[PDB]
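Here is the structure we will look at.
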Amino acid sequence: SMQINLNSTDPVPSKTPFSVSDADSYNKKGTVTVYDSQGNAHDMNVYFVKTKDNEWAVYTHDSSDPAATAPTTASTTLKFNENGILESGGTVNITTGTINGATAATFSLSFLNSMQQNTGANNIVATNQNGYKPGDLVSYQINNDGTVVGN
Amino acid sequence: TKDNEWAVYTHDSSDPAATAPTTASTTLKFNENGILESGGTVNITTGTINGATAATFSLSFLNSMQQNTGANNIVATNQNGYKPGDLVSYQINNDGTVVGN
Amino acid sequence: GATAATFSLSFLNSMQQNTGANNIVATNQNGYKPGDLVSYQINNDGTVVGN
Amino acid sequence: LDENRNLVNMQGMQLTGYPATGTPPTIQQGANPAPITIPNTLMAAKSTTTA
């Protein structure tokens with residue numbers, strides 16, 4: 001889940017089309033860390049480029065895989081209503097690369113609760129993901145309800 | 001040797017005349033989840049020191065798991081052979097069993 | 001009468017550009033010299049190291 | 001600055017923050033926080049493209 005605030009007054013970049021190398025070719029860049037079956041960390045870089053009013057193309061690319069294809073086609077397109085409510089395109093299936101034999105991470109990334117107004121700057125409100133790396137017992141505790149919880 | 005493929009060699013450092021391992025002792029293969037699929041057990045024979053028999057034992061890598069842990073850590077090691085020893089103490093357990101330590 | 005020492009000398013990371021003059025950025029080597037123990041210490045990670 | 005010239009506290013506590021990425025490197029607020037590194041390596045030259 002990736003929740004952002006988008007600024008309506010950002011000018012459309014002149015350096016069309018989208019290029020990963022070109023920093024000015026995208027309005028916003030964010031990063032979300034996902035994990036595969038073997039626990040490898042993939043830093044999904046996502047790029048936000050305003051196409052027209054209330055229409056934002058979102059591109060995705062993993063920096064972990066050097067053999068991954070360069071993003072040249074829209075990963076998703078957020079369409080927004082008049083008052084900053086989401087309309088369509090807020091959820092997209094995303095597949096990572098194959099690193100060290102780990103299967104590509106296929107996960108549904110959702111832009112729900114995203115709201116677009118006249119923010120003073122580009123900020124990402126929240127990034128959540130349900131994957132993690134392998135962990136080992138560092139502590140254990142008993143809560144007031146009797147739950148035994150190992151941290 | 002490549003992704004999810006680990007050649008495993010065995011050597012005996014105790015034997016002053018031990019031969020340097022030149023051939024692979026076994027090959028651990030790993031599934032998509034990092035679990036064992038093959039090669040987890042292999043019969044290893046030691047050297048002959050002081051005229052005693054070499055120990056021919058089954059080395060099992062059961063529950064070995066390859067995933068993105070920060071480093072290569074050995075979780076558990078166990079062997080069922082023991083050296084001779086003298087009686088040190090004794091006890092009577094709550095279930096009536098007499099145990100000599 | 002020492003045995004001949006043959007070493008791999010590498011000018012890696014050296015560059016030819018418009019610097020003000022010929023300046024050596026760094027030198028590194030793996031050879032060393034004999035000397036007696038001076039100090040011993042135990043670091044925060046439990047390593048016992050002698051200097 | 002520590003042995004690798006990174007920003008550290010008394011204990012060696014490494015400072016982290018938003019790094020500079022791209023060519024030329026730029027501040028990316030959306031990038032993951034990374035340790036701040038201050039190498040002493042000399043800066044190369046960029047050919048003039050717009051004047």
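To be explicit about the labels: the chains of the structure tokens are called A, B, and onward in the order shown, and within each one the residues are counted from 1, while ligands get numbers from 1 in the order they are shown.
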As number ranges by chain, list the residues of chain D assigned to strand (DSSP E) by DSSP on the backbone atoms of this structure. D: 16-17, 20-21, 26-27, 34-35
Name all residues at most 12 Å from range 21-25 of chain C (count only C-alpha atoms; drop same-chain ones fewer than 6 positions away) and give them as an MDAnalysis selection string. (chainID C and resid 11:15) or (chainID D and resid 40:43)
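Restricting the calculation to only C-alpha atoms, the smallest distance between chain D and any of A:93, A:123, A:81, A:69 is found for A:123.
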Interface residues on chain B facing chain A, 6 Å, only C-alpha atoms, written as a list in words: residues 3, 33, 67 and 68 of chain B
Find the nearest atom pair between each residue of chain D and chain A for residues within 9 Å, count only C-alpha atoms, give distances in Å to one decimal, sort rows by chain and ascending number, and present the table as a Markdown table.
| residue | atom | partner | partner_atom | distance |
| --- | --- | --- | --- | --- |
| D:22 | CA | A:23 | CA | 7.0 |
| D:23 | CA | A:21 | CA | 7.8 |
| D:26 | CA | A:23 | CA | 8.3 |
| D:28 | CA | A:29 | CA | 7.5 |
| D:29 | CA | A:30 | CA | 7.9 |
| D:30 | CA | A:30 | CA | 4.3 |
| D:31 | CA | A:31 | CA | 5.7 |
| D:32 | CA | A:31 | CA | 6.4 |
Near residue 16 in chain D, counting only C-alpha atoms, which residues have an atom at most 12 Å away, once you skip same-chain residues fewer than 3 positions from it, shown as a VMD selection string? chain D and resid 6 to 9 13 19 32 to 37
Would you output that residue set with N, CA, C and O atoms, as a compact mmCIF listing (two decimals), in the first residue's frame?
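Contents of out.txt, freshly written:
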# COMPACT_ATOMS: atom_id res chain seq x y z
N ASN D 6 32.92 8.29 7.47
CA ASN D 6 31.48 8.44 7.62
C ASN D 6 31.16 9.17 8.91
O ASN D 6 31.92 9.14 9.88
N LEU D 7 30.01 9.85 8.92
CA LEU D 7 29.59 10.65 10.07
C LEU D 7 29.18 9.71 11.20
O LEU D 7 28.20 8.96 11.07
N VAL D 8 29.90 9.77 12.32
CA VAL D 8 29.66 8.85 13.42
C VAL D 8 29.64 9.62 14.74
O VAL D 8 30.21 10.71 14.86
N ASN D 9 28.98 9.02 15.72
CA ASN D 9 28.92 9.54 17.08
C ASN D 9 30.15 9.08 17.86
O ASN D 9 31.18 8.71 17.29
N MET D 13 28.34 5.37 16.05
CA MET D 13 26.97 5.38 15.55
C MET D 13 26.89 6.12 14.22
O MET D 13 27.01 7.35 14.18
N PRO D 19 20.23 10.08 0.63
CA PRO D 19 21.45 10.22 -0.17
C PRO D 19 21.20 10.99 -1.45
O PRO D 19 20.06 11.32 -1.79
N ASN D 32 15.33 5.77 -0.09
CA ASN D 32 15.49 5.16 1.22
C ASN D 32 16.63 5.84 1.98
O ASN D 32 17.63 6.24 1.37
N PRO D 33 16.50 6.00 3.30
CA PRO D 33 17.59 6.60 4.07
C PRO D 33 18.85 5.74 4.02
O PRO D 33 18.80 4.53 4.26
N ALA D 34 19.97 6.37 3.71
CA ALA D 34 21.26 5.72 3.59
C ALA D 34 22.30 6.45 4.41
O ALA D 34 22.17 7.66 4.66
N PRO D 35 23.35 5.76 4.85
CA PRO D 35 24.41 6.44 5.60
C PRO D 35 25.06 7.55 4.78
O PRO D 35 25.26 7.42 3.57
N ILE D 36 25.38 8.66 5.45
CA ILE D 36 26.02 9.77 4.77
C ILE D 36 27.52 9.52 4.70
O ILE D 36 28.18 9.30 5.72
N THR D 37 28.06 9.54 3.48
CA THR D 37 29.47 9.25 3.24
C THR D 37 30.15 10.48 2.67
O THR D 37 29.60 11.17 1.80
Counting only C-alpha atoms, figure out which residue out of A:104, A:44, A:126, A:112 gets nearest to residue 61 in chain A. A:44
Which polymer residues have any atom within 12 Å of an atom of residue 121 in chain A, counting only C-alpha atoms, with same-chain residues fewer than 2 positions away left out, as an mmCIF file with C-alpha atoms, in the first residue's frame?
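File written: result_10.cif
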data_model
loop_
_atom_site.group_PDB
_atom_site.id
_atom_site.type_symbol
_atom_site.label_atom_id
_atom_site.label_comp_id
_atom_site.auth_asym_id
_atom_site.auth_seq_id
_atom_site.Cartn_x
_atom_site.Cartn_y
_atom_site.Cartn_z
ATOM 1 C CA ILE A 4 0.846 9.873 -1.403
ATOM 2 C CA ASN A 5 -0.183 13.509 -1.702
ATOM 3 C CA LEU A 6 0.130 14.936 -5.223
ATOM 4 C CA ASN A 7 0.483 18.641 -6.017
ATOM 5 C CA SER A 8 -1.811 19.982 -8.737
ATOM 6 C CA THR A 9 0.473 22.859 -9.771
ATOM 7 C CA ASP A 10 3.540 20.803 -10.709
ATOM 8 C CA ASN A 27 7.622 14.706 -11.015
ATOM 9 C CA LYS A 28 8.018 12.422 -7.988
ATOM 10 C CA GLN A 116 -4.399 15.057 -4.555
ATOM 11 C CA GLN A 117 -4.607 18.742 -3.605
ATOM 12 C CA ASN A 118 -2.490 21.915 -3.712
ATOM 13 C CA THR A 119 0.306 20.651 -1.456
ATOM 14 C CA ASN A 123 5.529 14.088 -0.057
ATOM 15 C CA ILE A 124 4.666 10.413 0.402
ATOM 16 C CA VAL A 125 2.277 9.882 3.310
ATOM 17 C CA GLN D 29 13.359 12.789 -0.542
#
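Of the residues under consideration (B:72, B:13, B:60, B:77), B:60 shows the shortest atom-to-atom contact distance to residue 38 in chain B when counting only C-alpha atoms.
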Could you please select, counting only C-alpha atoms, the residues of chain C within 10 Å of chain D and state them as a tab-separated table (two decimals) with N, CA and C atoms, in the first residue's frame?
chain	number	residue	atom	x	y	z
C	15	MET	N	44.24	8.31	-12.81
C	15	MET	CA	43.58	9.01	-13.89
C	15	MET	C	44.48	10.12	-14.40
C	17	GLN	N	44.07	13.71	-16.03
C	17	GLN	CA	43.10	14.78	-16.25
C	17	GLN	C	43.79	16.13	-16.11
C	18	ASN	N	43.02	17.20	-15.95
C	18	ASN	CA	43.57	18.55	-15.94
C	18	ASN	C	43.86	19.04	-14.52
C	19	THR	N	44.32	18.14	-13.66
C	19	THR	CA	44.77	18.53	-12.33
C	19	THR	C	45.93	19.51	-12.43
C	25	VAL	N	47.47	10.30	-5.44
C	25	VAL	CA	46.32	10.23	-4.55
C	25	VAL	C	46.58	9.31	-3.37
C	26	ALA	N	47.10	8.11	-3.63
C	26	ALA	CA	47.31	7.14	-2.56
C	26	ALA	C	48.31	6.08	-2.99
C	44	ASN	N	35.22	-3.93	21.32
C	44	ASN	CA	33.82	-4.04	21.73
C	44	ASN	C	33.15	-5.31	21.20
